[PDB]
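# Residue-level structural notes
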Amino acid sequence: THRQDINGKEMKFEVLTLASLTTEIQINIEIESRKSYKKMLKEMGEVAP
Amino acid sequence: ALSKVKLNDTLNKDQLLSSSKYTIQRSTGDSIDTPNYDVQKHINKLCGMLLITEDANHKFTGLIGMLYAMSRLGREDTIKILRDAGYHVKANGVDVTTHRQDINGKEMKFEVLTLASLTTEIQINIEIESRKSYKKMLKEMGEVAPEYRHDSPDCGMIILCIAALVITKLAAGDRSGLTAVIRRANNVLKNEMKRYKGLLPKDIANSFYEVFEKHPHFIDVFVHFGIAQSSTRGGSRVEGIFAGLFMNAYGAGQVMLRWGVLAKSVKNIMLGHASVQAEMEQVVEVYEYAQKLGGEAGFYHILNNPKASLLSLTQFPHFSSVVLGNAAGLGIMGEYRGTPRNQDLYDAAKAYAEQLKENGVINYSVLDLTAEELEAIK
Amino acid sequence: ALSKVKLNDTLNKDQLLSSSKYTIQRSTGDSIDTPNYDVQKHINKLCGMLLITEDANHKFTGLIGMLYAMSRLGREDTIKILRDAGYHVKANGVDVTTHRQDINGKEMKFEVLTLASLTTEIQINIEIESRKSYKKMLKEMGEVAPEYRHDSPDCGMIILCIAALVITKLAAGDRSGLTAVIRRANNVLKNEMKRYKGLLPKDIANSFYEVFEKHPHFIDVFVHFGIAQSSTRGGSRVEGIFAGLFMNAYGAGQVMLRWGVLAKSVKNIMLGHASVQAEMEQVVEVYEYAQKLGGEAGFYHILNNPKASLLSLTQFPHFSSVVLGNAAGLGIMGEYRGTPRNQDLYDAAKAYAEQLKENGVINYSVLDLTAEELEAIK
């Protein structure tokens, strides 16, 4: 578990300990996914499985 | 035969408790973070950074000290201790992880441990305060030494020396021996206190009092760690100090047995009183029980062992009164706040004990003097 | 029975410490360079080049001396010692390597050892200074001998003799016995000091003090090396000197036990005093504990063994005062800076001990004189 302050807010991030893939990269992947998810949710209302 | 009218109550209670064929086993609560030998250097580093920090926040010093003790015991011995004490433990593996964050607008790398008890932010803060204090000290004296650093391999064991003092005073039942802990931690470990600015005996002692009050299984783990530490073949000077302070806790909560042995040794006359002689059979039963228990009985009152009550002598008011009076007369009872409940026997024993010191005659029979020309030398 | 009111505290504490079913095991820190029999000649050569160098840099003499001790023990015995002492050790194999560099604008070949503790440049510098001193001495006397060279097979054991003296004085707790070490190293090893110009007892002794302070596991390794060295069937004269100086450390930190035995032997009268007789039961318990421990107990205070505190007699102020007074009267206490805490018993014992030497009568009963015509010879 990694906590850091993006957008001036404390949020918790769940990552894996990989020598090949750094923690910052996993955090960035999750952040971009969250942005895209919220944009899609705004543009269609409700998400599905 | 009237001499056969006897009940061996102490031995019978011990036999009842030691032949139980059913066992309870308790739940510790949260998961226990059990470090192994791997993170011992990191925990010792954390202790060193706590020690070099003036005005250190010692809220977690007891927790870190117990982590250090558990890492020197190892995961397997710690887990086995917790099973043998009769506890359900969910062991947590402790491993080292790297955390990067931006303080002062700069990217810097931090090396922490995965502990459920001690959060990552707390470890980072400990390291940051240690760094500030280190740079301030470096500025104020020019160059640091192995004496003033977190890398010293005894930084954890100084904290465990404070813990050993707290263990010596745990039998009082509360934080009443805190002043004694602070005094003895100033006498002992004075060079260390000059060395480390964050070594505050009161703060560390309060932290250890708190951790022992919250988690009574940490008392068990620490006592068995201190027995394993004192069972080594040797060590450094700080480890020797710890062993000496941890053997200071042996017999804690059982001062009246030692004072009764002392009252017998100085041959106090009030032990020949009729009521004391009435109680002698059972007091002797108690002493035989103690010497049958042996070494394990020295930590019964620290550990809150149930069989601690069987070592009590207060169920013998006249013998206890004579023992307390002898201690008071010899000037060793100090501020012991156990009270005699036979005032007359107490006063008589105190008077005789005071008379003992003033008087005193050499007993030449205990030597092997074949010819005694000492009479002419007088 | 009042005689049954006894607590065998010393034996009970020993039983507690010797029956521990959990063990700690510590981390030595950096990797330990463990040489084997292969590099023993090279380490002895290094010691010889250190010895033949006037104004030698003895900063690493303690480290090299411990390397020599470890190479005579071997890799397997050294590693087993470190496990038995309860240490995590990362053993480093030590092997010989060749290094060529250009000093004085010339290509010359240098033979060094791969040690993490001792860098290659340091070994090269040691050899260079040794070469300069050797050529200067050769110029000033014409021809060298086996006496004046690094090839002597006792060059390492002279350094270990200095180490043995430091071990004898380690129980004082600091570098306070340095003057005694220097004095005894001038008395003993005087021919060697005439032989080797780089044999500076103060510098070597300070180096060994420093290495023992830094690495408390080197004290363990050295004590067990000295026991293994004294367990041989024979050796050279320097090895005999080392064995004699290493048995000088037996019982260090326990002088009061020996002085109590001496006070009993000279039949000091103050041992019959009432308070001493009160303490006799427990002091006898301590003596039985010491003689039950046997030979291993002679190095408890050097090694910082935790059970060293159980051998103390200072918990018996009256007996200790009589013992110190007897020593003071017999004129052996010297500059011992342990203080009596019963002044009157100390003074009385001192007075009687002084009276002992002046007086003295032959006890004819200890012989087998059937007919005593000695009366007529008077």
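As deposited, the entry is annotated with cryo-EM as its determination method and 2.9 Å as its resolution.

### Things to note about helix α15 (residues 343-358) of chain B
Residue and element names in this part refer to chain B. Taking 1.5 Å per residue as the helical rise, α15 with its 16 residues ought to reach 22 Å, and the 24 Å between its terminal C-alpha atoms agrees with that figure. Along α15, the positions that sit buried rather than exposed are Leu345, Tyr346, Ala349 and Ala353. Mapping the buried residues of α15 onto a view down its axis gives an arc of 100°, with all of them on the same face. Opposite its buried face, α15 presents the exposed residues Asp344 and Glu358, each directed more than 90 degrees away. In this structure, the buried residues of α15 make contact with α13 (274-293) and α14 (317-329). Note on α15: the residue one or two positions beyond its end, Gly360, has a positive phi of about 135°.

### Describing the packing of aromatic side chains
All names here are of chain B. All told, the structure shown has 20 aromatic pairs over all chains when counted by the stated rule. Considering the side-chain rings of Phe222 and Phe242, the 6.0 Å spacing of their centres and the 90° angle between planes classify their relative orientation as edge-to-face. Taken together, the positions of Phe222 in helix α10 (residues 216-229) and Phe242 in helix α11 (residues 237-246) put the pair 20 residues apart, joining distant regions of the chain. For the pair formed by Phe222 and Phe242, the shared burial category is buried. Arranged with centres 5.1 Å apart and planes meeting at 75°, the rings of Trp259 and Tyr336 form a pair that is edge-to-face.

### Brief notes about the interface of chain C and chain B
Of the residues lining the interface, 49 residues belong to chain C; the matching set on chain B comes to 56 residues. For the chain C and chain B pair, buried surface summed over both sides reaches about 4,900 Å², with 60% attributable to carbon and sulfur atoms. The largest per-residue losses of area from chain C upon contact with chain B belong to C:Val5, C:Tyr22 and C:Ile24, which jointly make up 16% of the total buried on that side. Counting the contacts that link chain C with chain B gives 4 salt bridges. Note that C:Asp220 and B:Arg233 form a salt bridge whose closest N and O atoms lie 2.5 Å from each other. Where chain C packs against chain B, one counts 19 residue pairs in polar contact. Counting only elements with at least two residues in the side of chain C that touches chain B, the list comes to α1 (9-18), β1 (26-27), α4 (75-84), β3 (87-88), α10 (216-229) and α13 (274-293) of chain C. For the side of chain C that touches chain B, the element with the most residues is α1(C), which contributes 6 residues.

### A few points about α13(B)
Residue and element names in this part refer to chain B. Spanning 20 residues, α13 covers 30 Å between terminal C-alpha atoms, matching the ideal 28 Å at 1.5 Å per step. Where α13 is concerned, the buried positions are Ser275, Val276, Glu279, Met280, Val283, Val284, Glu285, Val286, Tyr287, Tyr289, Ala290 and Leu293. Where α13 is buried, its residues meet α1 (9-18), α12 (255-265), α14 and α15.

### Thoughts on the interface of chain A and chain B
At the interface, 4 residues of chain A touch 4 residues of chain B. The contact between chain A and chain B buries some 390 Å² in all, and 34% of this surface belongs to carbon and sulfur atoms. Interface area lost by chain A to chain B is led by A:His2, A:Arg3 and A:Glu24, which between them contribute 71%. Applying the counting rule to chain A against chain B returns 0 salt bridges. For the pair chain A and chain B, the interface holds 1 residue pair in polar contact. No other element matches strand β1 (residues 2-6) of chain A, which puts 3 residues into the side of chain A that touches chain B.

Rules used in this analysis
- Residues numbered from 1 in each chain as written, not as in the entry; some residues may be left out.
- Chains lettered and ligands numbered in written order.
- Part of a larger assembly, values for the part shown.
- Heavy atoms only, no water.
- Helix = DSSP H or I, 4+ residues; strand = E, 2+ residues; numbered from the N terminus.
- Expected span 1.5 Å × (residues − 1).
- Buried < 20%, exposed > 50% of the residue type's maximum accessible area, 1.4 Å probe, protein only.
- Arc of directions from axis to C-beta.
- Contact = heavy atoms within 4.5 Å.
- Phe/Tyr/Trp six-rings, centres within 6.5 Å; stacked < 30°, edge-to-face > 60°.
- Buried area = accessible area lost by both parts, 1.4 Å probe.
- Salt bridge = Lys/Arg side-chain N within 4 Å of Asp/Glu carboxyl O.
- Polar contact = N/O pair within 3.5 Å; in protein donor to acceptor, adjacent residues only side chain to side chain.

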